[PDB]
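Working through the structure, step by step
Residues per chain, in single letters:
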Amino acid sequence: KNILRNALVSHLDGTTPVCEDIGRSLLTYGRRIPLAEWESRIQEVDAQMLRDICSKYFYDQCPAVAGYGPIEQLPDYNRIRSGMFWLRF
Amino acid sequence: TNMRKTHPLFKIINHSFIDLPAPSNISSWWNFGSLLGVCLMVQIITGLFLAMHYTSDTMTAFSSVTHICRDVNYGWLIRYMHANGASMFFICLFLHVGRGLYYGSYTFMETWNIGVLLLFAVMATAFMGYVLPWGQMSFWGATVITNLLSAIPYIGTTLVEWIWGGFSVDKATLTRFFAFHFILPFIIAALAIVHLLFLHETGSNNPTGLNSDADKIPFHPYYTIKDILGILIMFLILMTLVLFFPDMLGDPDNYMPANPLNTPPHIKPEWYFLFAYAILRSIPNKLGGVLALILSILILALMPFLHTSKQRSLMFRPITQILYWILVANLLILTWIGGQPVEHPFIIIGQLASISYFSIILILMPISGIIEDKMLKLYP
Amino acid sequence: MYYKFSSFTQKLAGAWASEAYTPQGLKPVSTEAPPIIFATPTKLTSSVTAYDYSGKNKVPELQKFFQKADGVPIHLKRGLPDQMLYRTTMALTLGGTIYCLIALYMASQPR
Amino acid sequence: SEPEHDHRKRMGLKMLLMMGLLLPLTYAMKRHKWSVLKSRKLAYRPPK
Amino acid sequence: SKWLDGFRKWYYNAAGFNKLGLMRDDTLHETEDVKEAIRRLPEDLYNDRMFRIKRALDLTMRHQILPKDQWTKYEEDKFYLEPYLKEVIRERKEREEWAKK
Amino acid sequence: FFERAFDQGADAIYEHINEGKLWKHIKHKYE
Ligand code: HEM
Ligand code: HEM
């Protein structure tokens, strides 16, 4: 949470990243989310909702893998899919 | 940090069974040797049960076999798995050696030598374990093989003295047969371990015979679940043989007690020795017959020196495919002639089939190989 | 020279003069390089149903469903279940035909 | 000769039903773990 | 030589390695002389050879073949590994002649 | 929770296919 607070505030330094945030916020969110609302959304993030959300998005999913170079030791899709879950949680 | 690559037991298991690179195109034939391995395990399990209620005392030995069939609960079932698993063992062994002859797997020389040593050992254990239930057929086969072993000059006398142990039938013969039949399957398991260890440093052969380092996959989980499926199918076929037709392969005449004064009208071992018995019905010489059987088995070991073709597998060799299939054909002819009485016209069919078998192994495959070599513009 | 679109979070980070404002190289032409592609050859096609649950008529929305340019014949156009009973129908009639020939050959021979 | 007939056939149909139940399960597992491989398409892009 | 030409074409068709898109020299058993001749190949022919071998491997994994339009024809079968192989046997026979003397 | 039901189902279809000759079918006659 502290790293994300520093990431959200430290990026908006100067004029150009602020203008870019304004443009893509009005293009994607439909509004410019203020930094106070960003901190307010960060504030109630705790451990059990984080592991609930991560279990909703990471656990027992079929990933997409891309590789380039000497990837002859990159495992098959069965090993990665089996590593996406655990046997006894 | 992971236990699969820092713990020594898990490192051995991972290196020999999980992360071992295998070709991605091997057919179901490559399951067969693994089946042979678990086939060994089945016999050892039944062997433990046959260490329970078997005595080596001739009349009461046959009586103990009948008590295993009747008195011990699920003892008949164990005895029938032992017999039909020996049959399934030789089915899987013959198809394993046929895979080795077909797909050019004999280029692995030391693995081939360990294999042919295993094959001599397992034929010895199968015949010797056939002697143990002590029927008339087992008696007469034992007397025939021991007299054939005594026919050699000044060597077979001490072997008959050590094996028979006396002037006639006594308990020492059956105790030493049971001892050797107990001991030598564990030597077979040891040579199977050496067989896998000699295979491990060179990789597995693909059916195309090409270098399969371009496309290789881990053994787990592909060939693990493939071998599990093969094990389930082999168990289904073995239990279908045991629970439905228990004696369609077994010789019926073995089940009456041995009498040395009578002569049975048709001596016969099981089918997996019968073709060798056809060689014993081929030429009328004792030491010549032993040399014929020994050389007919050892010619598999001499086979990797007869490879004259510049390509390994028979998949791209149609003429040698035809030669291999008529080889399987006249081997089937030998194993049918071996279960037939010695009358006209079985003698000429057996003699010409043995001559054709020796010719189709030894002399004609080099000629077919150099013909294959010439038809693709590589032969001088 | 000040900001370049990068950093895998879609952000205007900081780059160099020759990195941001000259994304092209100083090479003369496109040399004999290994070729490129970004195209999965799976040829996957997804067809959405998007039907109505009311109106109690249900014929014009099956009319929309069966007027598709997928190239599939109309007895595999429903997807799963038509393919399933077509496969089972052809399998049982092949088994019936071969058992019919076996029965006819067995009846040809006498006892 | 066979006091074992009824119990042998009992284990026979028990084996037959168990094998017919547990064989398509391993068949579907093998088909899944090899259908990850049989959907693979390969391409060669040499620099010419 | 019409007897030999048609029989060679038929034997090439019935050999079966043209159905999986191979040349002749890909089918050779890789002994130490064949591996040495492979090691002397240029990089482009080497990459073509390993791609053709990999295509053969995952074609026979599925028990399928190439379509008939892109089979390896007899006229375009190039004996690329043959002169390197002949050179390798020449050096090996020269070495064994020097070892005999 | 499956194997005992499997065993009794195989046994029940065994007496269904084999009627009038097993020993369990003449329990009423002598005891
Ligand atoms: C070390 C473990 C083994 C022991 C202790 C053992 C012991 C026995 C005994 C006591 C018998 C006689 C009882 C009977 O016939 O059922 C027998 C029979 C037999 N054994 Fe084994 N055996 C062992 C392993 C093997 C193996 C590995 C084979 C296969 C090569 C084999 C093949 C046979 C055969 C063919 C028979 C004759 C079965 C019959 O009469 O139908 N045995 N064994
Ligand atoms: C005693 C029973 C045997 C057992 C348990 C056994 C076990 C195995 C195993 C586990 C493999 C590796 C998997 C495979 O390729 O199938 C194998 C391969 C092999 N075996 Fe055996 N084997 C036996 C008998 C023989 C015999 C008698 C020979 C000689 C003819 C032999 C020669 C080979 C060869 C050449 C290979 C390599 C084939 C390949 O990997 O493609 N084996 N064996």
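Residues numbered from 1 in each chain as written, not as in the entry; some residues may be left out. Chains lettered and ligands numbered in written order. Part of a larger assembly, values for the part shown. Heavy atoms only, no water. Residues with missing side-chain atoms left out of burial classes, pairs and counts.

In the PDB header, cryo-EM is given as the technique by which the entry was determined, and 3.6 Å as its resolution.

**A look at the UniProt feature "binding site: heme b b566" in chain B**
Residue and element names in this part refer to chain B. The UniProt entry lists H96 and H195 under the feature "binding site: heme b b566", expressed in the numbering used here. Their sequence span is 100 residues, while the largest C-alpha to C-alpha distance among them is just 13.4 Å; these annotated residues converge on one region. Positionally, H96 belongs in helix α4 (residues 75-102). With respect to the secondary-structure elements, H195 resides in helix α8 (residues 171-200). You can call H195 buried: its relative accessible area is 18%. The residues contacting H195, other than those within four sequence positions of it, are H96, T111, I114, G115 and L118. (UniProt positions renumbered as here; feature names shortened; annotations may be inferred. Helix = DSSP H or I, 4+ residues; strand = E, 2+ residues; numbered from the N terminus. Buried < 20%, exposed > 50% of the residue type's maximum accessible area, 1.4 Å probe, protein only. Contact = heavy atoms within 4.5 Å.)

**Quick word on the UniProt feature "transmembrane region" in chain C**
The feature "transmembrane region", as given by UniProt, occupies residues 81-106 of chain C in the numbering adopted here. Between the C-alpha atoms that bound residues 81-106 of chain C there is a distance of 37 Å. The span itself is 100% helix and 0% strand.

**Describing the coordination of the iron atom of ligand 1**
All names here are of chain B. Around the iron atom of ligand 1, the donor atoms from the protein are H82 (NE2) and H181 (NE2), and they sit 2.1 Å away. Around the iron atom of ligand 1, the 6 donor atoms are arranged such that angles at the metal cover 81 to 180 degrees; this shape is classified as octahedral. Of this pair, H82 sits in helix α4 while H181 sits in helix α8, placing them 99 residues apart in sequence. Taking relative accessible area as the criterion, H82 reaches 23% and is therefore assigned partly exposed. (Donors = N, O, S within 2.8 Å, 3.2 Å for Na, K, Ca; no water. Tetrahedral: all angles 85-135°; square planar, octahedral: opposite > 155°, others 65-115°.)

**Some remarks on the interface of chain B and chain E**
Counting residues at the interface gives 24 residues for chain B, matched by 26 residues for chain E. Across the chain B to chain E interface the summed buried area is about 2,500 Å²; carbon plus sulfur atoms make up 67%. On the chain B side of the contact with chain E, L210(B), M375(B) and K377(B) bury the most area, a combined 25% of that side's loss. On inspection of chain B and its partner chain E, the count reaches 1 salt bridge. (Buried area = accessible area lost by both parts, 1.4 Å probe. Salt bridge = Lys/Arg side-chain N within 4 Å of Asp/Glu carboxyl O.)

**Here's the deal with the site of ligand 1**
Residue and element names in this part refer to chain B. For ligand 1, the set of nearby residues contains 22 residues, the closest of which are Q43, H82, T125, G129 and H181. The separation between a nitrogen atom of ligand 1 and a polar side-chain atom of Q43 is 3.4 Å. Contact distances for ligand 1 include 2.7 Å between a nitrogen atom and a side-chain N or O atom of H181. With 5 residues, helix α5 (residues 109-131) is the single largest residue contributor to the shell around ligand 1. Of the residues belonging to the shell around ligand 1, the class tally is 14 nonpolar, 7 polar and 1 charged. (Near = heavy atom within 4 Å. Polar contact = N/O pair within 3.5 Å; in protein donor to acceptor, adjacent residues only side chain to side chain. Nonpolar A, V, L, I, M, F, W, Y, C, P; charged D, E, K, R; others polar.)

**Details of the arrangement of the chains**
With respect to C-alpha atoms, chain B approaches chain F no nearer than 15 Å, and the pair has no contact. One thing to see here is that chain E and chain F don't touch, and their nearest C-alpha atoms sit 37 Å from each other.

**Topic: the site of ligand 2**
All names here are of chain B. Residues in contact with ligand 2 amount to 18 residues; listed here are only the nearest, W30, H96, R99, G115 and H195. In the model, an oxygen atom of ligand 2 is placed 2.6 Å from a nitrogen or oxygen of the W30 side chain. Between ligand 2 and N205 there is a distance of 3.4 Å, counted from an oxygen atom to a backbone nitrogen or oxygen. Taken together, the residues of the shell around ligand 2 sort by class into 9 nonpolar, 8 polar and 1 charged.

**What to know about a negative patch on the surface**
The grouping of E87(E), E91(E), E94(E) and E97(E) at the surface amounts to a negative patch. As for its position among the elements, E87(E) is in helix α4 (residues 82-100). (Patch = residues over 30% accessible without salt bridge, like charges linked within 9 Å, V, L, I, M, F, W, Y side chains within 5 Å. Areas by Shrake-Rupley, 256 points an atom, 1.4 Å probe, with all protein chains shown as cover. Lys, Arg positive; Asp, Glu negative; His and termini not counted. Charge placed at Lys NZ, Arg CZ, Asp CG, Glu CD.)

**A word on the UniProt feature "transit peptide" in chain C**
Using the residue numbers shown here, the UniProt feature "transit peptide" corresponds to residues 1-54 of chain C. Taken end to end, residues 1-54 of chain C comprises 7% helix and 11% strand; its first and last C-alpha atoms sit 60 Å apart.

**Considerations on the interface of chain B and chain D**
The interface is formed by 26 residues belonging to chain B together with 22 residues belonging to chain D. Contact between chain B and chain D buries roughly 2,200 Å² in total, counting both sides, with carbon and sulfur atoms accounting for 76%. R40(D) is paired through a salt bridge with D215(B); the nearest N and O atoms lie 3.2 Å apart. Remark: the boundary between chain B and chain D carries 3 residue pairs in polar contact. Taken together, the elements giving at least two residues each to the side of chain B that touches chain D come down to α3 (58-70), α4 and α9 (222-243) of chain B. With 13 residues, the single largest contributor to the side of chain B that touches chain D is α9(B). Taken together, the residues that form the side of chain B that touches chain D break down as 21 nonpolar, 2 polar and 3 charged.

**Structural notes on helix α13 (residues 346-362) of chain B**
Along an α-helix, residues three or four positions apart point the same way, because every turn accommodates 3.6 residues. All names here are of chain B. End to end, α13 covers 24 Å across 17 residues, agreeing with the expected 24 Å (1.5 Å per residue, within 8%). Regarding α13, the residues found buried are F346, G350, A353, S354, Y357, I360 and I361. Summarising the axial view, the buried residues of α13 lie within an arc of 135 degrees, below the 170-degree limit, and thus occupy one face. Looking at α13, the residues exposed on the side facing more than 90 degrees away from the buried face are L352 and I355. (Expected span 1.5 Å × (residues − 1). Arc of directions from axis to C-beta.)

**As for unusual backbone geometry**
With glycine set apart, most residues show a phi of negative sign, and most peptide bonds adopt trans. Following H220(B), the chain continues to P221(B) via a peptide bond in cis, the omega torsion being 0 degrees. For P221(B), the location among the structural elements is in the loop between β2 (216-218) and α9. Between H344(B) and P345(B) the backbone carries a cis peptide bond, its omega angle lying at 0 degrees. For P345(B), the position within the fold is in the loop between α12 (318-337) and α13. Phi angles above zero are rare outside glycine, and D60(A) is one such case at about 55 degrees. As for its position among the elements, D60(A) is in the loop between α4 (47-57) and α5 (77-83). A positive phi angle, close to 55 degrees, is found at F89(A), a residue other than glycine. By secondary structure assignment, the location of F89(A) is in the segment after α5. Judged by relative accessible area, which is 74%, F89(A) ranks as exposed.

**Quick look at the coordination of the iron atom of ligand 2**
Residues and elements named next belong to chain B. Of the protein atoms, only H96 (NE2) and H195 (NE2) coordinate the iron atom of ligand 2, at distances of 2.1 to 2.2 Å. The coordination sphere of the iron atom of ligand 2 comprises 6 donor atoms, whose angles at the metal cover 78 to 178 degrees; the geometry is octahedral. Of this pair, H96 sits in helix α4 while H195 is found in helix α8, placing the two residues 99 residues apart along the sequence.

**So, the packing of helix α2 (residues 32-50) of chain B against α9(B)**
Residue and element names in this part refer to chain B. Between α2 and α9, the least distance of the axes is 10 Å, while the angle of their chain directions is 50 degrees. In terms of orientation, α2 lies oblique with respect to α9. Pair α2 / α9 crosses with right-handed handedness. Residues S34, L35, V38, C39 and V42 of α2 form the contact with α9, whose participating residues are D227, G230, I231, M234 and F235. Classifying every residue of the contact of α2 with α9 gives 7 nonpolar, 2 polar and 1 charged. (Axes fitted to C-alpha atoms, helices over the stretch in contact; angles between N-to-C directions. Parallel < 35°, antiparallel > 145°, perpendicular 65-115°, else oblique. Left-handed = near helix turned anticlockwise from the far one by under 90°.)

**Here we look at the packing of α4(B) against α5(B)**
Residue and element names in this part refer to chain B. Following both chains from N to C, one finds α4 and α5 inclined at 155 degrees, their axes separated by 12 Å at the closest point. When the axes of α4 and α5 are compared, the pair comes out roughly antiparallel. Helix-helix and strand crossings are classified by hand; for α4 and α5 the assignment is left-handed. Residues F89, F90, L93, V97, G100 and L101 of α4 touch α5, and the partners they reach there are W112, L119, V122, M123 and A126. Along the lines of polarity and charge, the residues of the contact of α4 with α5 split into 10 nonpolar, 1 polar and no charged.

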